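**Student:** First the structure, then my questions, so here it is.
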Amino acid sequence: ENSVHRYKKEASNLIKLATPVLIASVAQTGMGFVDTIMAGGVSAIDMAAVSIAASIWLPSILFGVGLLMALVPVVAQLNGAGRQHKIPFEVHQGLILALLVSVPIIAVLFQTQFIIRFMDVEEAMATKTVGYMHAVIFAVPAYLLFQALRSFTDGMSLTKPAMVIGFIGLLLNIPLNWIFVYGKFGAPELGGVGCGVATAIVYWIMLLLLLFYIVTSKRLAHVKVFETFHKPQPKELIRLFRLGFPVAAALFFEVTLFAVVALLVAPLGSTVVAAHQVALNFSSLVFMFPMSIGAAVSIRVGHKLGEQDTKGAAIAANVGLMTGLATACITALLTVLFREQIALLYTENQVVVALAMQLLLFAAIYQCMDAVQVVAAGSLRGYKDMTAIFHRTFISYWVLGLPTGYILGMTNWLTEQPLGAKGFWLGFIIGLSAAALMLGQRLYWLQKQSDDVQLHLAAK
Ligand SMILES: [Rb+]
């Protein structure tokens, strides 16, 4: 029984979600730069590049409040095989809040879009172009919710819709852009106006997968149909909040903090690229990896949580964990080689490859400890309120990390080190391996007794 049944089902479960979830990222990122940079990038005169950049930036924060409307969707809990129903209303409910948020964000949207801060050039251009192409990315989150139930939750959990709008999504974007970003066959557009239009068509397709793969459930029924408002479930939404609030600010409010530091500590040279290029890019993607595992094990841990209420921990926990280290490990320890050519990455010259190669190094290891931090956290703890204190945990490694890490760049500015820039980039890792330690002492919390339905007695 020891490890036998563990790695067995552990392995399985993870992958069924693994491959799914992974490909999905290829959507986000894949589609992301694809139709985005491709056209509105080397076309609106690179004024497509930097312009559309700040564009979806603002959105970045937004999509943030969006994950709040996603841990709700981990609520794929009430199907521990138990209430394989009651979820339909639980869901419909979420979806509502979906809109009840996108709008609270449209505000921020329209207005600042008209305000920017300066008048560079992205103004007019990106500004309102993607501007109403953003009204588009409000109807997107609605779909996002669908994904909640299906996509990830997938009724019980059959994360397949990934590759659905996945391979299908990115595909579409491409030509939709072509003809629109300029193409012309009813109207020829511009870069920002482009990536943007491509976007309208996105939540379009998304809806497609929405209704479709969901109310069609080629395999199941036990679905939706009649729904309604709510004030107390919307108080449970205040729980969808007091669960989603701990994630929204976390990952994204933090997203701003992330931004903060680096920049602040980005005047440390032309390295900007080194740092920027290296770290950011490559990493971001390897990060994309362990995060994949998370929501898998996060949901996977959340379904096995609800059956006989067995040992999903050692499983989902000790499993998911054990493996991301591989991926982190494997990706990290494979990363090592790829420096030089990876370095290339952003098509240029020697431009940092050396220190880049060095900075490159920093990432491999981050990916490592980062991985560990992700998983446990957002996943196991991602189950519920842990999300509340996984959040606390979040900033614990933050303030400690960064200031410690910048003051590491700055320790050069203090004690002493071979390169304050690279090195400060590093202090950041300290943060992630630091917080990564933090959720470990969240070691289930005394593990689970019957304080499990207690988490769902404050979550139910
Ligand atoms: Rb990061």
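Chain identifiers are assigned as A, B, and so on, following the order in which chains appear in the structure tokens; residues are numbered from 1 within each chain, and ligands are numbered from 1 in order of appearance.
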Mind listing the residues within 8 Å of ligand 1, only C-alpha atoms and all ligand atoms counted, as an mmCIF file with N, CA and C atoms, in the first residue's frame?

**Tutor:**
data_model
loop_
_atom_site.group_PDB
_atom_site.id
_atom_site.type_symbol
_atom_site.label_atom_id
_atom_site.label_comp_id
_atom_site.auth_asym_id
_atom_site.auth_seq_id
_atom_site.Cartn_x
_atom_site.Cartn_y
_atom_site.Cartn_z
ATOM 1 N N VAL A 255 1.012 41.001 -8.371
ATOM 2 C CA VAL A 255 1.524 41.194 -9.718
ATOM 3 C C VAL A 255 2.052 42.602 -9.875
ATOM 4 N N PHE A 258 5.322 42.857 -7.814
ATOM 5 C CA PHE A 258 6.356 42.215 -8.601
ATOM 6 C C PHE A 258 6.912 43.339 -9.455
ATOM 7 N N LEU A 280 12.446 37.316 -16.827
ATOM 8 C CA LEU A 280 11.075 37.436 -17.277
ATOM 9 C C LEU A 280 10.613 36.390 -18.302
ATOM 10 N N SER A 284 8.909 33.072 -16.901
ATOM 11 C CA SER A 284 7.463 33.194 -17.094
ATOM 12 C C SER A 284 6.807 31.957 -17.682
#

**Student:** Tell me which protein, DNA and RNA residues are within 9 Å of residue 129 in chain A, counting only C-alpha atoms, leaving out same-chain ones fewer than 5 positions away, and put them as number ranges by chain.

**Tutor:** A: 124, 134, 190-194, 196-197

**Student:** Next, write the just-selected residues to a file, as a PDB file, in the first residue's frame, keeping N, CA, C and O atoms as the atom set.

**Tutor:**
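To be explicit, this is the file written out as part.pdb:
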ATOM      1  N   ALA A 124      -4.495  57.493 -28.588  1.00  0.00           N
ATOM      2  CA  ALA A 124      -5.471  57.152 -29.603  1.00  0.00           C
ATOM      3  C   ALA A 124      -5.366  55.679 -29.957  1.00  0.00           C
ATOM      4  O   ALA A 124      -6.230  54.888 -29.574  1.00  0.00           O
ATOM      5  N   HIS A 134     -11.998  45.819 -25.415  1.00  0.00           N
ATOM      6  CA  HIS A 134     -11.915  45.472 -24.017  1.00  0.00           C
ATOM      7  C   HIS A 134     -13.345  45.239 -23.544  1.00  0.00           C
ATOM      8  O   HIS A 134     -13.583  44.383 -22.691  1.00  0.00           O
ATOM      9  N   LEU A 190      -6.043  48.371 -37.611  1.00  0.00           N
ATOM     10  CA  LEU A 190      -4.646  48.625 -37.217  1.00  0.00           C
ATOM     11  C   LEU A 190      -4.173  47.622 -36.153  1.00  0.00           C
ATOM     12  O   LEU A 190      -4.918  46.727 -35.759  1.00  0.00           O
ATOM     13  N   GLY A 191      -2.933  47.767 -35.696  1.00  0.00           N
ATOM     14  CA  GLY A 191      -2.411  46.854 -34.697  1.00  0.00           C
ATOM     15  C   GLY A 191      -3.296  46.732 -33.475  1.00  0.00           C
ATOM     16  O   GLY A 191      -3.979  45.721 -33.272  1.00  0.00           O
ATOM     17  N   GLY A 192      -3.267  47.768 -32.643  1.00  0.00           N
ATOM     18  CA  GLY A 192      -4.082  47.778 -31.443  1.00  0.00           C
ATOM     19  C   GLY A 192      -5.514  47.453 -31.801  1.00  0.00           C
ATOM     20  O   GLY A 192      -6.155  46.622 -31.153  1.00  0.00           O
ATOM     21  N   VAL A 193      -6.006  48.113 -32.846  1.00  0.00           N
ATOM     22  CA  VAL A 193      -7.363  47.905 -33.335  1.00  0.00           C
ATOM     23  C   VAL A 193      -7.447  46.421 -33.728  1.00  0.00           C
ATOM     24  O   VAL A 193      -8.506  45.812 -33.682  1.00  0.00           O
ATOM     25  N   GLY A 194      -6.307  45.844 -34.089  1.00  0.00           N
ATOM     26  CA  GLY A 194      -6.264  44.452 -34.491  1.00  0.00           C
ATOM     27  C   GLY A 194      -6.363  43.456 -33.360  1.00  0.00           C
ATOM     28  O   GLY A 194      -7.428  42.901 -33.154  1.00  0.00           O
ATOM     29  N   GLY A 196      -7.000  43.660 -30.768  1.00  0.00           N
ATOM     30  CA  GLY A 196      -8.253  43.963 -30.125  1.00  0.00           C
ATOM     31  C   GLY A 196      -9.381  43.232 -30.811  1.00  0.00           C
ATOM     32  O   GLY A 196     -10.016  42.392 -30.187  1.00  0.00           O
ATOM     33  N   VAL A 197      -9.642  43.531 -32.082  1.00  0.00           N
ATOM     34  CA  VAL A 197     -10.725  42.846 -32.789  1.00  0.00           C
ATOM     35  C   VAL A 197     -10.604  41.333 -32.661  1.00  0.00           C
ATOM     36  O   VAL A 197     -11.590  40.645 -32.381  1.00  0.00           O
TER      37      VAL A 197
END

**Student:** Within 7 Å of residue 160 in chain A, counting only C-alpha atoms, which residues show up once you throw out same-chain ones fewer than 4 positions away? Write them as a list in words, please.

**Tutor:**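 Listed by chain and then number, they are residues 20, 151 and 164 of chain A.
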
**Student:** Which residue gives the smallest distance to residue 181 in chain A among A:409, A:30, A:427, A:40, with only C-alpha atoms counted?

**Tutor:**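 Among the listed residues, the smallest separation from residue 181 in chain A belongs to A:40.
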
**Student:** What separation in Å, quoted to one decimal, exists between CA of residue 361 in chain A and CA of residue 421 in chain A?

**Tutor:** 13.4 Å

**Student:** Take CA of residue 72 in chain A and CA of residue 244 in chain A and report the distance between them in Å, one decimal.

**Tutor:** 6.5 Å

**Student:** Between CA of residue 16 in chain A and CA of residue 245 in chain A, what is the spacing in Å?

**Tutor:**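 Pair CA of residue 245 in chain A / CA of residue 16 in chain A returns 28.8 Å.
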